[PDB]
Amino acid sequence: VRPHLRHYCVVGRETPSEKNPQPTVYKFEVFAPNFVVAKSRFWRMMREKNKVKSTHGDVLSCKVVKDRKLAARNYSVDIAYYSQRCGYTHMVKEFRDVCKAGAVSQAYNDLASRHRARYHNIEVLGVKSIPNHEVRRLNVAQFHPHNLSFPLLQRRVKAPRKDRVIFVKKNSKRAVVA
Amino acid sequence: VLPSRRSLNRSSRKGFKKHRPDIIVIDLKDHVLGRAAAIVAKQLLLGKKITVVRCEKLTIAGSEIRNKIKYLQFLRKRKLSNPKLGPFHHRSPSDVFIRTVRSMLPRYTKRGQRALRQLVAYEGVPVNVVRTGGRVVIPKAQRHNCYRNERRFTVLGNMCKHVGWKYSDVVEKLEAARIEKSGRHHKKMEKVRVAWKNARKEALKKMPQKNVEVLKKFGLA
Amino acid sequence: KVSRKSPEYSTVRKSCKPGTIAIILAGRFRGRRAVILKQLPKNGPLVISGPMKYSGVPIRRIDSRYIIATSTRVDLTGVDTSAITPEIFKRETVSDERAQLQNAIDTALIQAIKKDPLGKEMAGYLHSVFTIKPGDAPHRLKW
Amino acid sequence: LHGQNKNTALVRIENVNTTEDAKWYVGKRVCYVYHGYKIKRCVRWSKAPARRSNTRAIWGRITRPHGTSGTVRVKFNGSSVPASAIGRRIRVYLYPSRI
Amino acid sequence: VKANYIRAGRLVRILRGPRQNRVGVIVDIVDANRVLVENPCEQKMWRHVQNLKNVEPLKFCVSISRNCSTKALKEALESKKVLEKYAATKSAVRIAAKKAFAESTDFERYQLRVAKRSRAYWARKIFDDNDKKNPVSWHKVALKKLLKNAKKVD
RNA sequence: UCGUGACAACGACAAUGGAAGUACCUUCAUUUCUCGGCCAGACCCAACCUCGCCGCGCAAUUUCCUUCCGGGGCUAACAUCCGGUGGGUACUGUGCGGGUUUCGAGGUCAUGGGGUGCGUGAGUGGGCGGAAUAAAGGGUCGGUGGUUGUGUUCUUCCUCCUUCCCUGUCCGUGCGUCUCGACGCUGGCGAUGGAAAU
RNA sequence: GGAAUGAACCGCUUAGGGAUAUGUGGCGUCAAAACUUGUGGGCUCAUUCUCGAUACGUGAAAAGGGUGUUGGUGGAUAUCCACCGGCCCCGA
RNA sequence: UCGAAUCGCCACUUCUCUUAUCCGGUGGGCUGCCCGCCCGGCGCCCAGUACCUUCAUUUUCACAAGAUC
Ligand SMILES: [Mg+2]
């Protein structure tokens with residue numbers, strides 16, 4: 001519900017014709033805000049790989065995939081982003097999340113803050129739920145142990161929107177103004 | 001202020017003795033300077049009378065060296081041909097707060113000038129403000145909801161000293177005297193506070209049996 | 001279905017019913033409570049008469065937009081209120097014919113309130129006065 | 001940013017702070033109370049002579065909420081409210097009542 | 001320093017959500033600022049994600065393991081009777097009282113007003129007759145000073 | 001261009017100017033005075049615009065859920081993870097609905113009315129009158145043979161009966177050439193005055 | 001109508017007026033709007049022409065450096081080496 | 001002389017300090033769990049929850065036609 005970038009599976013093919021009857025049917029996994037963007041990414045991949053353009057092809061399915069459950073997991077996401085003066089950069093990162101869509105949305109925000117890369121310059125190669133004992137990052141492995149505990153400090157507690165005072169008495173909750 | 005003979009004579013005929021307008025007193029200890037000024041300025045424009053005390057305890061984000069340099073840059077500005085017409089650089093903490101609030105008001109219309117007239121801005125808690133009533137705070141600028149713990153901050157009084165203010169010792173001497181007098185008085189009347197508390201208790205078992213149940217249902221007894 | 005020409009026709013809120021306690025919001029009796037008795041034959045104003053002993057509000061007419069109908073109701077099956085007719089208000093010290101009508105209806109209203117199981121609490125309730133204190137919100141209440 | 005339009009006024013009421021609370025007050029009557037400098041005509045000038053005074057009132061109604069913090073929009077009958085009322089008290093009555 | 005620790009089996013109360021002022025037990029921790037909350041002995045409150053800025057830890061704890069079954073959690077809660085103890089806490093009663101006032105029907109509001117007035121009157125009567133003997137108020141203390149001052153002249 | 005008497009005020013934004021109100025002045029105009037072309041408030045009909053509450057279709061809900069094992073992992077276990085076994089039968093999408101044999105409310109100082117009352121001042125209404133009482137048009141079940149498509153039988157859709165379940169049917173009112181005019185109920189103010197109102 | 005200001009930029013193009021909704025641009029105060037919205041993530045500390053923050057707007061910056069801090073890639077060993085990014089600092 | 005706008009008040013609030021902090025203080029047992037100990041208020045229509053008690057014709061809104069100063 002919270003994450004953007006839903007999980008889409010796009011199935012398509014080149015239109016049947018002479019000199020190429022019964023063309024191959026391809027499958028594509030993409031993470032996009034809506035199915036219009038999902039189909040746009042599918043044809044960009046088809047154009048640069050199979051030399052097939054959207055004008056001469058058709059889409060057979062634009063289904064939304066379903067995830068397993070609501071447990072805590074480890075996700076490995078290998079991603080690539082383009083920039084000038086550096087070309088293409090490939091990396092593998094690990095995240096903690098609940099579903100594949102959430103992990104990939106985290107990765108997109110992470111690349112924005114740490115490397116200043118926008119959505120259309122980023123290509124996702126794969127996402128997989130890996131077990132413990134084979135994650136290579138300490139910022140993820142520190143949540144594995146049982147009996148894990150920590151306190152909440154430096155909290156900023158804001159009141160519900162209905163209460164929301166402006167001036168309050170020094171030694172009481174009297175709410176002088178508003 | 002300073003009622004002339006016209007005012008005293010009119011009050012004598014009419015029978016009036018005293019009058020006090022509705023005023024809010026804000027304790028400015030541990031408050032972010034910019035956030036408190038913005039909240040107060042909007043309330044002034046909405047027709048409120050505000051008195052702020054302890055203006056020497058306002059805090060500014062950053063180190064004391066950084067903020068002192070910022071003031072020395074402001075002090076450098078003056079009308080070269082006639083400095084007595086140029087910008088005026090006030091030095092007391094209470095004057096600095098009023099200047100900050102003034103820059104957040106339309107100060108060249110009669111509406112803004114009237115709004116600025118409704119702020120007093122004392123230093124410490126003077127004798128004419130101690131017994132007026134309970135003080136208030138602004139939770140949106142309390143600096144324990146605003147600053148991260150590890151960041152250095154400046155106290156306004158310390159920064160106002162070292163650039164020209166020469167009443168820091170006077171203010172701290174008067175504040176310490178106020179604490180002792182207020183502390184002595186508050187320890188007194190502990191008997192009447194306890195007596196009233198022992199009166200609300202045992203008031204139950206004297207009230208009718210139905211009103212106590214209603215009090216229990218609403219979590220008041 | 002009821003024709004608009006017929007006297008029984010009326011378009012008033014379902015909250016305002018005979019026997020309902022109401023808070024008067026305007027006029028010389030603002031802030032007091034009274035019992036709604038009936039409605040005038042056409043789509044006219046309601047007739048409110050709180051017990052004169054309790055709230056000191058006599059029989060008069062009021063618009064439904066100047067009261068707040070509370071959720072506490074007193075049964076009025078015993079009372080008749082058939083003597084209340086528009087011409088008694090059309091006539092425009094108190095005449096004694098008005099006094100006898102007010103006194104007779106008041107006794108029936110008082111007896112009906114006493115018949116209610118919470119009669120003593122209701123009598124004290126009708127004595128109270130509504131006001132807006134500094135720091136309360138009438139829009140968050142439930143009535 | 002281009003200037004003001006004086007046929008509508010903005011009123012801030014105590015203890016609303018929410019759009020849902022401001023929607024309770026749509027349609028309610030509003031008045032602004034001030035005084036003149038002599039006794040002019042008033043309602044019930046002949047039936048209730050005790051009412052005669054320098055006090056005067058300008059009435060209006062609440063049309064719709066403004067923003068998300070509980071401010072409302074008010075139209076003052078045909079004319080507009082004077083600009084000397086900015087920052088002063090406004091009365092918000094409880095009638096007409098839907099409750 | 002004295003904070004209650006965030007861990008599996010710790011009861012929390014929700015601050016500002018749709019399920020405001022509700023209690024559930026933490027069952028797992030995912031990253032720094034997200035947990036899974038569940039309470040099987042109350043309507044709604046199935047397993048769901050909750051931000052750590054929207055909960056407050058309580059003093060009560062239940063011995064369970066991370067990612068435990070719903071039937072295992074239900075058994076653990078009833079054995080320790082933790083939910084009943086929270087209901088007896090003063091913080092819970094204050095919250096329950098505020099909800100009761102929001103539902104009031106202007107007749108119970110009058111009844112509460114009568115009850116408070118009755119207590120205030122009796123407190124005033126109790127405070128006096130403890131001021132006649134062992135005076136404590138401002139006026140009763142000054143009466144002794146006045147009487148002794150007038151003894152010599154009168 | 002200047003003097004004088006009366007008055008209005010006014011800090012310093014040079015004045016002048018525009019818009020919208022207000023406070024005092026009016027040798028101005030129009031209306032009313034026992035009905036009013038004055039000021040308010042509520043109500044009705046039509047129209048337009050909103051909010052609550054309740055729902056539907058689609059393989060969208062199976063790249064999924066649950067049990068019993070073999071790996072693997074932690075700690076004694078469980079869990080995250082990978083292969084198999086038998087059961088399956090609030091949920092991250094998309095297109096839409098709901099007042100008249102009645103689904104609950106709100107607003108128009110942002111609209112027109114004679115506000116059903118006289119005559120040609122044309123209530124058109126599933127809404128106003130008269131009649132009649134499931135009227136044709138849908139949702140499931142069980143059978144019934146033609147059809148689309150996988151795979152070497154079952155899967156859709158049709159037409160034809162059988163069970164229950166839901167809803168709402170028919171009729172009716174042109175003017176003797178054309179146009180404009182007609183402003184209900186309640187209170188305040190106004191009874192000829194250096195009067196009210198615009 | 002917006003970009004504080006500007007012939008030419010952004011939006012839109014113009015009879016006299018109401019109601020509703022938008023565009024560009026915005027919602028700490030000046031100044032209408034989050035009375036300082038989120039029950040969303042990260043990164044950053046900037047001492048003397050004073051860190052940064054609306055395009056056109058060279059309406060001001062380069063080569064070259066810094067484990068200051070936060071991320072990646074490729075090799076040895078159960079920490080070391082080489083290289084490349086983000087924000088900040090020197091060059092100024 | 002003045003007709004005016006404003007509509008809570010208190011000798012229980014009117015002392016101080018912290019927010020990585022026993023949020024009322026405060027000890028003990030085995031680096032987080034468990035176990036003990038002691039101590040804002042009034043105000044809204046009988047001076048008070050109880051019997052009794054004048055409200056009008058100001059007969060449908062209008063600055064509260066009433067108060068404070
Ligand atoms: Mg604003």
# chains A, B, ... in the order shown; residues from 1 in each chain; ligands from 1

call {"tool": "interface_residues", "arguments": {"of": "chain C", "to": "chain A", "cutoff": "12 Å", "atoms": "only C-alpha atoms", "output": "MDAnalysis selection string"}}
result
chainID C and resid 134:137 140

call {"tool": "residues_around", "arguments": {"residues": "residue 191 in chain F", "least_positions_apart": "6", "cutoff": "12 Å", "atoms": "only C-alpha atoms (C1' of nucleotides)", "output": "PDB file with C-alpha atoms (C1' of nucleotides), in the first residue's frame"}}
result
ATOM      1  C1'   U F  32     -44.507  56.144   2.059  1.00  0.00           C
ATOM      2  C1'   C F  33     -47.621  57.570   6.164  1.00  0.00           C
ATOM      3  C1'   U F  34     -52.879  52.491   7.542  1.00  0.00           C
ATOM      4  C1'   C F  35     -51.540  51.139   3.671  1.00  0.00           C
TER       5        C F  35
END

call {"tool": "residues_around", "arguments": {"residues": "range 4-18 of chain D", "least_positions_apart": "5", "cutoff": "8 Å", "atoms": "only C-alpha atoms (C1' of nucleotides)", "output": "VMD selection string"}}
result
(chain A and resid 161 to 162 164 178) or (chain C and resid 135 to 137) or (chain D and resid 66 68 to 76 79 to 81 90) or (chain F and resid 20) or (chain G and resid 35)

call {"tool": "residues_near_ligand", "arguments": {"ligand": "ligand 1", "cutoff": "9 Å", "atoms": "only C-alpha atoms (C1' of nucleotides) and all ligand atoms", "output": "MDAnalysis selection string"}}
result
(chainID B and resid 42) or (chainID G and resid 27 29 31:33 35)

call {"tool": "select_by_dssp", "arguments": {"residues": "range 44-96 of chain B", "states": "alpha helix (DSSP H)", "output": "JSON, numbers by chain"}}
result
{"B": [44, 45, 64, 65, 66, 67, 68, 69, 70, 71, 72, 73, 74, 75, 93, 94, 95, 96]}

call {"tool": "atom_distance", "arguments": {"atom1": "CA of residue 17 in chain B", "atom2": "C1' of residue 69 in chain H"}}
result
8.4 Å

call {"tool": "interface_residues", "arguments": {"of": "chain C", "to": "chain E", "cutoff": "12 Å", "atoms": "only C-alpha atoms", "output": "list in words"}}
result
residues 21, 22, 23, 33, 68, 69, 70, 71, 72, 73, 118, 120, 121, 122, 123, 124, 125, 126, 127, 128, 129, 130, 137, 138, 139, 140, 141, 142 and 143 of chain C

call {"tool": "interface_residues", "arguments": {"of": "chain E", "to": "chain B", "cutoff": "9 Å", "atoms": "only C-alpha atoms", "output": "compact mmCIF listing (two decimals) with C-alpha atoms, in the first residue's frame"}}
result
# COMPACT_ATOMS: atom_id res chain seq x y z
CA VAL E 93 -8.49 4.85 32.54
CA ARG E 94 -7.72 8.44 31.56
CA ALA E 96 -11.28 5.65 28.49
CA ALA E 97 -12.67 8.65 30.37
CA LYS E 98 -11.98 11.04 27.49
CA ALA E 100 -16.79 8.67 27.41
CA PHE E 101 -16.94 12.47 27.49
CA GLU E 108 -24.94 13.03 31.21
CA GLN E 111 -25.23 14.90 35.56
CA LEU E 112 -21.44 15.22 35.64
CA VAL E 114 -24.07 18.23 39.27
CA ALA E 115 -21.66 15.62 40.65
CA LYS E 116 -18.67 17.97 40.44
CA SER E 118 -21.62 18.51 45.00
CA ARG E 119 -17.98 17.55 45.61
CA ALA E 120 -16.85 21.19 45.48
CA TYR E 121 -19.45 22.21 48.07
CA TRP E 122 -18.50 19.46 50.51
CA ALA E 123 -14.79 20.17 50.09
CA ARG E 124 -15.51 23.78 51.07
CA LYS E 125 -17.39 22.59 54.16
CA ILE E 126 -14.55 20.22 55.11
CA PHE E 127 -11.90 22.92 54.61
CA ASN E 130 -10.30 22.73 59.99
CA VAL E 136 -4.25 27.81 57.78
CA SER E 137 -5.94 30.31 55.41

call {"tool": "closest_atom_pairs", "arguments": {"of": "chain B", "to": "chain D", "cutoff": "7 Å", "atoms": "only C-alpha atoms", "output": "CSV"}}
result
residue,atom,partner,partner_atom,distance
B:45,CA,D:87,CA,6.6
B:46,CA,D:87,CA,5.0
B:47,CA,D:87,CA,4.8

call {"tool": "select_by_dssp", "arguments": {"residues": "range 14-79 of chain C", "states": "strand (DSSP E or B)", "output": "list in words"}}
result
residues 20, 21, 22, 23, 24, 33, 34, 35, 36, 37, 38, 39, 46, 47, 48, 60, 61, 62, 67, 68, 69, 70, 71, 72 and 73 of chain C

call {"tool": "write_last_selection", "arguments": {"atoms": "C-alpha atoms", "output": "mmCIF file, in the first residue's frame"}}
result
data_model
loop_
_atom_site.group_PDB
_atom_site.id
_atom_site.type_symbol
_atom_site.label_atom_id
_atom_site.label_comp_id
_atom_site.auth_asym_id
_atom_site.auth_seq_id
_atom_site.Cartn_x
_atom_site.Cartn_y
_atom_site.Cartn_z
ATOM 1 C CA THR C 20 -38.384 16.995 23.054
ATOM 2 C CA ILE C 21 -36.269 19.222 25.284
ATOM 3 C CA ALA C 22 -34.768 22.136 23.355
ATOM 4 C CA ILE C 23 -32.183 24.832 24.053
ATOM 5 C CA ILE C 24 -33.267 28.327 23.016
ATOM 6 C CA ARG C 33 -34.516 24.828 28.135
ATOM 7 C CA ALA C 34 -38.123 24.142 27.189
ATOM 8 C CA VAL C 35 -40.426 21.328 26.076
ATOM 9 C CA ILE C 36 -41.755 21.309 22.516
ATOM 10 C CA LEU C 37 -45.527 20.870 22.635
ATOM 11 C CA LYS C 38 -46.774 20.728 19.030
ATOM 12 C CA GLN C 39 -46.596 22.465 15.653
ATOM 13 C CA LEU C 46 -43.464 25.229 16.858
ATOM 14 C CA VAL C 47 -45.114 25.976 20.199
ATOM 15 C CA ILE C 48 -42.713 25.661 23.137
ATOM 16 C CA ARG C 60 -44.963 31.165 22.802
ATOM 17 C CA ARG C 61 -43.968 30.408 19.215
ATOM 18 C CA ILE C 62 -40.445 29.724 17.972
ATOM 19 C CA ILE C 67 -33.394 25.909 18.906
ATOM 20 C CA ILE C 68 -31.225 22.834 19.394
ATOM 21 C CA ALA C 69 -33.279 19.662 19.771
ATOM 22 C CA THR C 70 -31.642 17.400 22.345
ATOM 23 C CA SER C 71 -31.945 13.613 22.511
ATOM 24 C CA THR C 72 -33.898 13.536 25.793
ATOM 25 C CA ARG C 73 -37.662 13.222 25.365
#

call {"tool": "interface_residues", "arguments": {"of": "chain A", "to": "chain E", "cutoff": "12 Å", "atoms": "only C-alpha atoms", "output": "PDB file with C-alpha atoms, in the first residue's frame"}}
result
ATOM      1  CA  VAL A   1       0.000   0.000   0.000  1.00  0.00           C
ATOM      2  CA  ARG A   2       2.722   2.447   1.013  1.00  0.00           C
ATOM      3  CA  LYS A  69       2.928 -12.676   2.955  1.00  0.00           C
ATOM      4  CA  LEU A  70       3.739 -10.005   5.541  1.00  0.00           C
ATOM      5  CA  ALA A  71       6.995 -11.224   7.105  1.00  0.00           C
ATOM      6  CA  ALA A  72      10.376  -9.516   7.411  1.00  0.00           C
ATOM      7  CA  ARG A  73      12.920 -10.566   4.797  1.00  0.00           C
ATOM      8  CA  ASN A  74      16.225  -9.731   3.128  1.00  0.00           C
ATOM      9  CA  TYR A  75      16.194  -8.612  -0.508  1.00  0.00           C
ATOM     10  CA  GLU A  94      20.763  -5.386   0.170  1.00  0.00           C
ATOM     11  CA  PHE A  95      17.639  -4.110   1.922  1.00  0.00           C
ATOM     12  CA  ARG A  96      15.176  -5.161   4.608  1.00  0.00           C
ATOM     13  CA  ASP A  97      11.517  -5.040   3.578  1.00  0.00           C
ATOM     14  CA  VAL A  98       8.294  -7.052   3.443  1.00  0.00           C
ATOM     15  CA  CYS A  99       7.687  -7.415  -0.304  1.00  0.00           C
ATOM     16  CA  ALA A 103      12.476  -3.274  -1.597  1.00  0.00           C
ATOM     17  CA  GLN A 106      13.583   1.686  -1.363  1.00  0.00           C
ATOM     18  CA  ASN A 139      23.805  -2.725   8.121  1.00  0.00           C
ATOM     19  CA  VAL A 140      21.435  -5.587   7.246  1.00  0.00           C
ATOM     20  CA  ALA A 141      23.018  -8.418   9.247  1.00  0.00           C
ATOM     21  CA  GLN A 142      22.689  -6.457  12.501  1.00  0.00           C
ATOM     22  CA  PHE A 143      18.922  -7.093  12.646  1.00  0.00           C
ATOM     23  CA  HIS A 144      19.237 -10.885  12.326  1.00  0.00           C
ATOM     24  CA  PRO A 145      20.071 -11.914  15.932  1.00  0.00           C
ATOM     25  CA  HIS A 146      17.281 -13.010  18.220  1.00  0.00           C
ATOM     26  CA  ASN A 147      16.763 -11.080  21.468  1.00  0.00           C
ATOM     27  CA  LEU A 148      17.467  -7.892  19.514  1.00  0.00           C
ATOM     28  CA  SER A 149      16.493  -4.807  21.515  1.00  0.00           C
ATOM     29  CA  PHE A 150      16.905  -1.036  21.380  1.00  0.00           C
ATOM     30  CA  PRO A 151      15.213   1.996  22.971  1.00  0.00           C
ATOM     31  CA  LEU A 152      13.547   4.982  21.330  1.00  0.00           C
ATOM     32  CA  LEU A 153      15.487   8.161  22.108  1.00  0.00           C
ATOM     33  CA  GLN A 154      15.334  11.763  20.890  1.00  0.00           C
ATOM     34  CA  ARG A 155      11.650  11.270  20.106  1.00  0.00           C
ATOM     35  CA  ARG A 156       9.547  14.073  18.634  1.00  0.00           C
ATOM     36  CA  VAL A 157       5.952  13.422  19.697  1.00  0.00           C
ATOM     37  CA  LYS A 158       3.322  15.469  17.864  1.00  0.00           C
ATOM     38  CA  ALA A 159      -0.281  15.547  19.037  1.00  0.00           C
ATOM     39  CA  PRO A 160      -3.264  14.350  16.987  1.00  0.00           C
ATOM     40  CA  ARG A 161      -4.438  16.987  14.540  1.00  0.00           C
ATOM     41  CA  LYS A 162      -7.585  17.736  16.553  1.00  0.00           C
ATOM     42  CA  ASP A 163      -5.722  18.897  19.680  1.00  0.00           C
TER      43      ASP A 163
END

call {"tool": "interface_residues", "arguments": {"of": "chain H", "to": "chain A", "cutoff": "10 Å", "atoms": "only C-alpha atoms (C1' of nucleotides)", "output": "PDB file with N, CA, C and O atoms (P, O5', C5', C4', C3', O3' and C1' of nucleotides), in the first residue's frame"}}
result
ATOM      1  P     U H  13      -1.054  26.307  43.251  1.00  0.00           P
ATOM      2  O5'   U H  13      -1.695  26.777  41.874  1.00  0.00           O
ATOM      3  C5'   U H  13      -1.603  25.970  40.714  1.00  0.00           C
ATOM      4  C4'   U H  13      -1.435  26.815  39.480  1.00  0.00           C
ATOM      5  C3'   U H  13      -0.327  27.851  39.541  1.00  0.00           C
ATOM      6  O3'   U H  13       0.938  27.297  39.231  1.00  0.00           O
ATOM      7  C1'   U H  13      -2.304  28.834  38.680  1.00  0.00           C
ATOM      8  P     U H  19      18.321  17.995  28.838  1.00  0.00           P
ATOM      9  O5'   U H  19      17.171  16.993  28.381  1.00  0.00           O
ATOM     10  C5'   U H  19      17.224  15.610  28.710  1.00  0.00           C
ATOM     11  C4'   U H  19      16.034  14.856  28.166  1.00  0.00           C
ATOM     12  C3'   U H  19      15.920  14.817  26.641  1.00  0.00           C
ATOM     13  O3'   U H  19      15.423  13.543  26.236  1.00  0.00           O
ATOM     14  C1'   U H  19      13.949  15.725  27.557  1.00  0.00           C
ATOM     15  P     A H  20      16.177  12.706  25.092  1.00  0.00           P
ATOM     16  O5'   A H  20      17.351  11.958  25.859  1.00  0.00           O
ATOM     17  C5'   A H  20      17.089  11.133  26.988  1.00  0.00           C
ATOM     18  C4'   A H  20      18.361  10.553  27.556  1.00  0.00           C
ATOM     19  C3'   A H  20      19.439  11.572  27.909  1.00  0.00           C
ATOM     20  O3'   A H  20      20.156  11.130  29.060  1.00  0.00           O
ATOM     21  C1'   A H  20      20.272  10.074  26.282  1.00  0.00           C
ATOM     22  P     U H  21      20.327  12.110  30.320  1.00  0.00           P
ATOM     23  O5'   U H  21      19.868  11.235  31.562  1.00  0.00           O
ATOM     24  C5'   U H  21      18.671  10.479  31.514  1.00  0.00           C
ATOM     25  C4'   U H  21      17.462  11.301  31.883  1.00  0.00           C
ATOM     26  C3'   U H  21      16.416  10.578  32.722  1.00  0.00           C
ATOM     27  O3'   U H  21      16.703  10.644  34.108  1.00  0.00           O
ATOM     28  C1'   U H  21      15.374  11.711  30.905  1.00  0.00           C
ATOM     29  P     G H  32      21.111  -3.386  27.548  1.00  0.00           P
ATOM     30  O5'   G H  32      19.525  -3.388  27.684  1.00  0.00           O
ATOM     31  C5'   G H  32      18.730  -4.283  26.922  1.00  0.00           C
ATOM     32  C4'   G H  32      18.079  -5.332  27.789  1.00  0.00           C
ATOM     33  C3'   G H  32      16.860  -4.897  28.588  1.00  0.00           C
ATOM     34  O3'   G H  32      15.673  -4.920  27.808  1.00  0.00           O
ATOM     35  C1'   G H  32      18.319  -6.203  29.943  1.00  0.00           C
ATOM     36  P     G H  40      -3.920  20.417  33.570  1.00  0.00           P
ATOM     37  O5'   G H  40      -3.685  20.556  35.139  1.00  0.00           O
ATOM     38  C5'   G H  40      -4.778  20.490  36.041  1.00  0.00           C
ATOM     39  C4'   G H  40      -4.450  21.102  37.379  1.00  0.00           C
ATOM     40  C3'   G H  40      -5.650  21.544  38.199  1.00  0.00           C
ATOM     41  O3'   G H  40      -6.217  20.472  38.927  1.00  0.00           O
ATOM     42  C1'   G H  40      -4.006  23.255  38.188  1.00  0.00           C
TER      43        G H  40
END

call {"tool": "atom_distance", "arguments": {"atom1": "CA of residue 2 in chain B", "atom2": "CA of residue 44 in chain B"}}
result
24.6 Å

call {"tool": "residues_around", "arguments": {"residues": "residue 140 in chain F", "least_positions_apart": "6", "cutoff": "10 Å", "atoms": "only C-alpha atoms (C1' of nucleotides)", "output": "count of residues only"}}
result
3

call {"tool": "interface_residues", "arguments": {"of": "chain F", "to": "chain C", "cutoff": "9 Å", "atoms": "only C-alpha atoms (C1' of nucleotides)", "output": "list in words"}}
result
residues 42, 43 and 44 of chain F

call {"tool": "residues_around", "arguments": {"residues": "range 96-105 of chain B", "least_positions_apart": "3", "cutoff": "7 Å", "atoms": "only C-alpha atoms (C1' of nucleotides)", "output": "ChimeraX atom specification"}}
result
/B:37-38,41,90-93,112,116 /G:29-30

call {"tool": "closest_residue", "arguments": {"among": "F:30, F:39, F:75, F:62", "to": "chain E", "atoms": "only C-alpha atoms (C1' of nucleotides)"}}
result
F:75
